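Here is the structure we will look at, set down as structure tokens.
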Amino acid sequence: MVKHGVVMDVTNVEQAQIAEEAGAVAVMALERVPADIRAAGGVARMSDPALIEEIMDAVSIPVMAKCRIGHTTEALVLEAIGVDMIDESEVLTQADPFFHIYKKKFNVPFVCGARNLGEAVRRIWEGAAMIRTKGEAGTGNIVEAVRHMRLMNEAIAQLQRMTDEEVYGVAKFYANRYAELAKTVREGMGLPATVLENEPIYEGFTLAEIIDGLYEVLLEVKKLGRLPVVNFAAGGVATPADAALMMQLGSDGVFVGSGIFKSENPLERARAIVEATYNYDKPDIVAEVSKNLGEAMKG
Amino acid sequence: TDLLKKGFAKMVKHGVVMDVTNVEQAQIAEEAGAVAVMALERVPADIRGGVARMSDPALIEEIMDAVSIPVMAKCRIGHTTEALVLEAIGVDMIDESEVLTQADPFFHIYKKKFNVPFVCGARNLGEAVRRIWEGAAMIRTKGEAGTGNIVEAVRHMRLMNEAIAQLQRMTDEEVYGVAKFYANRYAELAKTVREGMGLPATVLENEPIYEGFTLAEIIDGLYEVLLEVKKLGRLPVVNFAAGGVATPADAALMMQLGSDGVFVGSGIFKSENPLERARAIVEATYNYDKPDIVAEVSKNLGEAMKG
Amino acid sequence: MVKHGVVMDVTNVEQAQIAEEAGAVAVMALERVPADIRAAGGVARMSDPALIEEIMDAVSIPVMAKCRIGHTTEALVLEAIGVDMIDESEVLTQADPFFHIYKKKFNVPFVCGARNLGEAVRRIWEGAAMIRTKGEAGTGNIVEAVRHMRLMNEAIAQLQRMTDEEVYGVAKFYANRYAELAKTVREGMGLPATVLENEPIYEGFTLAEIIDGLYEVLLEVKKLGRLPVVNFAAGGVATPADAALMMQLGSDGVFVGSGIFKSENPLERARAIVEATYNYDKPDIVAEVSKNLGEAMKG
Ligand SMILES: [Cl-]
Ligand SMILES: [Cl-]
Ligand SMILES: [Cl-]
Ligand SMILES: [Cl-]
Ligand SMILES: [Cl-]
Ligand SMILES: [Cl-]
Ligand SMILES: [Cl-]
Ligand SMILES: [Cl-]
Ligand SMILES: [Cl-]
């Protein structure tokens with residue numbers, strides 16, 4: 001699993017090689033860049049396995065691929081063809097409106113997006129091995145990534161000031177999202193929209209067991225003062241300064257999709273973002289690589 | 001028929017039913033491995049600007065003569081006459097579908113008096129139970145035909161499975177309470193009419209409201225179907241997924257969610273390579289628990305549909 | 001512990017002996033009959049130990065004594081002088097407005113009043129060895145005893161139709177009464193009137209542990225189809241027919257306070273109620289003993 005660096009979105013062999021040449025730590029194989037996914041519209045699904053394999057053969061760095069949220073068979077396909085990591089992302093069209101994939105039963109690692117601590121804890125409990133503190137992919141606006149990293153940092157800072165009993169109270173609150181389907185159905189059957197805490201609602205787990213599960217993850221967060229899994233910033237990174245900004249905010253690394261290939265000079269731009277990510281604390285370097293970089297993505 | 005209706009349905013389970021608009025497609029569907037075809041003038045993706053009605057009987061007969069596998073056809077909801085026409089020309093099964101323009105805003109066809117079996121759509125348990133009590137021999141947990149977005153089909157199967165899981169934890173008295181709630185939909189016309197006559201929008205439970213049945217009798221009917229659902233832990237009839245199946249992985253997903261099979265409309269003929277695509281969906285449906293097979297048939301399929 | 005029969009309230013040696021002569025299964029020693037306690041007013045407390053001991057020496061049947069609700073030192077005194085059973089009753093002036101005595105740490109058995117299933121379960125969990133389904137002592141009106149026995153029977157009948165998961169939901173609901181003090185105090189400190197389920201609130205037990213505790217008692221009730229401890233009816237029994245009525249409703253026996261000594265012929269009246277309680281299913285006997293019984297308590 002990647003721990004530092006820049007993960008780049010690529011749509012073909014040429015881009016995958018450009019990414020590696022630039023210094024990417026890994027690539028994200030997909031048929032449509034996020035920026036083009038928001039505009040195009042339609043239903044964005046898992047990419048053709050043949051395209052992903054072609055990319056896997058074209059580079060010597062890890063290859064990631066995304067599947068729709070809740071689409072466990074798309075994920076089983078990506079695992080079967082051997083991708084290094086699956087990204088269950090909101091970038092694509094959600095397949096299951098109630099539940100995310102139960103990632104723990106898979107062998108391949110998953111990276112999941114999260115807008116706040118509650119989402120991160122829930123994704124981690126279901127099996128995520130890496131978290132993507134995302135904002136809004138395809139916009140080229142770093143504010144969304146910043147808003148969420150701020151929300152994440154503040155939530156963790158406040159969690160560290162709580163007693164375990166108060167942390168359990170947070171776990172209990174975060175667990176409610178899992179009972180949404182059960183309550184909706186009960187209402188549809190003419191009964192109150194409530195649930196018993198000892199009835200199965202997700203993968204055989206009862207609300208009570210889910211609470212204990214989120215509680216154990218929150219205790220890890222409290223002890224570490226951060227998420228217990230690698231956490232990269234994503235969505236909106238368009239310039240070397242944006243990348244460096246996310247690192248200063250505590251990100252372990254960054255994901256870049258539209259910012260590179262939707263800009264004027266992809267290779268040069270990519271190298272610059274890679275250098276800024278490794279030297280986020282060196283203004284002179286960030287400044288030099290941003291010099292004469294050319295047009296950046298609109299957004 | 002009674003036993004013959006469910007007899008036909010059990011032979012289509014585990015397979016893929018494909019929508020076709022002509023002899024060529026029907027034939028492609030057959031060589032692809034479809035268990036049956038759904039004949040119609042325009043696929044759901046195209047259906048969605050005007051009034052979509054039953055297809056010309058001549059077009060359906062041409063399709064029936066072009067293939068050796070069974071053929072189904074659609075009729076508008078509540079359109080008893082269209083259904084009677086389809087039965088007369090000999091289709092193997094009638095699909096009272098919401099993809100077509102609803103003809104009766106108050107009631108669905110009373111399917112029990114027909115000889116030919118019916119397949120009806122359902123968004124949740126309540127709808128499935130009412131369609132089944134009306135006579136449906138098959139249910140398709142519908143979603144959003146024509147969008148190529150599997151989310152709709154998933155939502156409804158999730159709702160169906162969760163409701164059935166909750167039903168099994170109830171006593172018979174509690175199930176009766178659910179049947180009572182489900183039956184209210186049949187009294188809508190009666191209440192609206194009473195209000196129009198200047199009286200409270202209420203109804204007496206012993207007055208006829210549907211096909212001669214009183215609300216009280218309808219509740220007992222729904223109650224009996226619910227008891228069957230409770231005993232079996234699933235619907236008492238074949239249940240297929242329908243909606244946005246556009247890829248082999250989508251079909252495999254529905255099967256893993258418990259579907260007995262899948263209906264594919266726009267996903268095949270609105271794609272780049274119809275025959276190849278159809279073949280891949282058929283194999284993915286038969287081997288939904290085989291990641292390697294699903295992956296294999298997904299490679300180099302070409303562009304799919306969207307919406 | 002008594003299992004059948006009539007328990008009578010006595011205020012002196014003469015009454016205690018009358019009670020035994022009549023056939024009482026045990027006596028309840030106190031300085032003021034309930035009917036006179038409601039009228040008199042003032043603060044009703046534990047009786048003088050000397051009076052209780054005099055009664056203990058005057059009879060050959062068990063002697064009970066009451067203490068104020070929550071008054072654990074009054075109870076420790078009754079235990080020290082050797083009473084056979086302590087009755088923590090609402091007949092006397094409540095001493096602790098938040099909690100009842102933690103009866104489990106005592107050696108002597110306790111009998112507690114209950115108006116409904118929730119109260120019975122809570123009293124049983126805190127240690128009660130016997131329950132008194134009471135209505136309104138001192139009134140001579142059997143309706144209060146009947147109302148509560150009806151409420152008790154119906155609640156148990158409905159509990160038997162529930163799954164364990166639903167029973168837990170009832171246990172959770174019944175447990176809330178214990179957090180009243182904690183919520184009041186938090187509000188007094190300027191914070192929301194809420195509590196964390198893992199913080200101590202009663203005898204070191206957290207709300208969560210109390211819930212599991214009430215849940216285990218409810219499972220016993222569900223399995224038995226009745227309370228897991230002896231259950232007598234009390235308050236309002238003034239005639240032989242009243243006693244027989246309570247037995248037909250499912251009572252294991254009856255407590256009689258005002259009905260006997262506040263009537264015209266105590267001894268004769270007491271014997272009649274004893275006979276009616278043992279032959280509650282024999283109208284001819286109930287009728288014969290009610291014949292020429294004389295004036296009954298007003299109320
Ligand atoms: Cl979430
Ligand atoms: Cl509960
Ligand atoms: Cl973190
Ligand atoms: Cl309906
Ligand atoms: Cl009526
Ligand atoms: Cl089913
Ligand atoms: Cl209480
Ligand atoms: Cl809590
Ligand atoms: Cl009882």
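Below, chain A is the first sequence line, B the second, and so on; all start at residue 1.
Within 6.0 Å of NZ on B:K231 lie no more than 12 heavy atoms contributed by other residues, nucleotides or ligands. More than 12 heavy atoms of other residues, nucleotides or ligands sit less than 6.0 Å from atom CZ of B:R234. For A:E14, the CD atom sits in a loose shell: 12 or fewer heavy atoms of surrounding residues, nucleotides or ligands are nearer than 6.0 Å. Other residues, nucleotides and ligands contribute only 12 or fewer heavy atoms inside 6.0 Å of the CZ atom of B:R185. In B:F106, the CZ atom is crowded: over 12 heavy atoms of neighbouring residues, nucleotides or ligands sit closer than 6.0 Å. More than 12 heavy atoms of other residues, nucleotides or ligands lie within 6.0 Å of CD in B:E98, so this atom counts as buried by the packing criterion.
Neither the backbone nor the side chain of A:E79 has a heavy atom closer than 4.5 Å to any heavy atom of chain B. For a residue to count as touching a neighbouring chain, one of its non-hydrogen atoms must lie under 4.5 Å from one of that chain's; by this rule A:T72 touches chain B with backbone and side chain alike. At a 4.5 Å heavy-atom cutoff, the contact between B:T247 and chain A is made by side-chain atoms alone. Using a 4.5 Å cut-off between heavy atoms, B:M170 contacts chain A through its side chain alone, with no backbone atom that close. Residue A:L51 does not touch chain B at all, counting heavy-atom pairs closer than 4.5 Å. Heavy-atom distances place both the backbone and the side chain of B:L167 under 4.5 Å from chain A. Residue contact with chain A, scored on non-hydrogen atoms closer than 4.5 Å, involves the side chain of B:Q256 exclusively.
Sorted by first then second residue, the side-chain hydrogen bond (donor to acceptor under 3.5 Å, both in side chains) pairs that include residues 214-225 of chain B, not counting sequence neighbours, number zero.
Within the model, atoms CG of B:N239 and CE of B:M254 stand 9.0 Å from one another, a figure rounded to the nearest 0.5 Å.
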For a quick test of your reading: what N or O donor-acceptor pairs under 3.5 Å do the side chains of residues 196-204 of chain A make, sequence neighbours left out?
from	atom 1	to	atom 2	distance (Å)
A:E197	OE1	C:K172	NZ	2.7
A:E197	OE2	C:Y168	OH	3.4
A:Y202	OH	A:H100	O	3.0

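One finds no salt bridge joining A:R68 and A:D96 here, because no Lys/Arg side-chain nitrogen approaches an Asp/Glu carboxylate oxygen to under 4.0 Å. Between A:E88 and A:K66 there is no salt bridge, since no side-chain N of the basic residue sits under 4.0 Å from a carboxylate O of the acidic one. With respect to A:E74 and A:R45, no salt bridge is recorded, no charged nitrogen being found less than 4.0 Å from a carboxylate O. Of the charged side-chain nitrogens involved, at least one lies within less than 4.0 Å of a carboxylate oxygen, so that B:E152 and B:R155 count as a salt-bridged pair. Note on A:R38 versus A:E136: salt bridge recorded, some NZ/NE/NH1/NH2 to OD/OE distance being below 4.0 Å. Under a 4.0 Å N-O distance rule, the pair A:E126/A:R123 qualifies as a salt bridge.
For residues 285-293 of chain B, a heavy-atom distance under 4.5 Å to chain A picks out B:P291, B:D292, given by residue number. Contact annotation for residues 298-307 of chain B against chain A (heavy-atom separation below 4.5 Å, listed by residue number): B:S298, B:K299, B:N300, B:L301, B:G302, B:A304, B:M305, B:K306, B:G307.
Across A:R186, A:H71, A:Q94, A:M46, the residue that shares the most heavy-atom pairs under 4.5 angstrom with chain B is A:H71. Contact count versus chain A (heavy atoms, under 4.5 Å) is highest, among B:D250, B:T147, B:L125, for B:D250. Comparing A:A50, A:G190, A:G41, A:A95 by heavy-atom pairs within less than 4.5 Å of chain B, the highest count is held by A:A95. With chain B as the partner, the residue from A:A44, A:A182, A:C67 showing the most heavy-atom pairs under 4.5 Å is A:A182. Here B:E162 is the residue among B:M160, B:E162, B:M157 with the most heavy-atom pairs under 4.5 Å with chain A. Listed options B:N124, B:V154, B:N184, B:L257 were ranked by heavy-atom pairs under 4.5 angstrom with chain A; first place goes to B:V154.
Of the possible donor and acceptor atoms, one in the side chain of A:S47 sits under 3.5 Å from a partner among the backbone N and O of A:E31.
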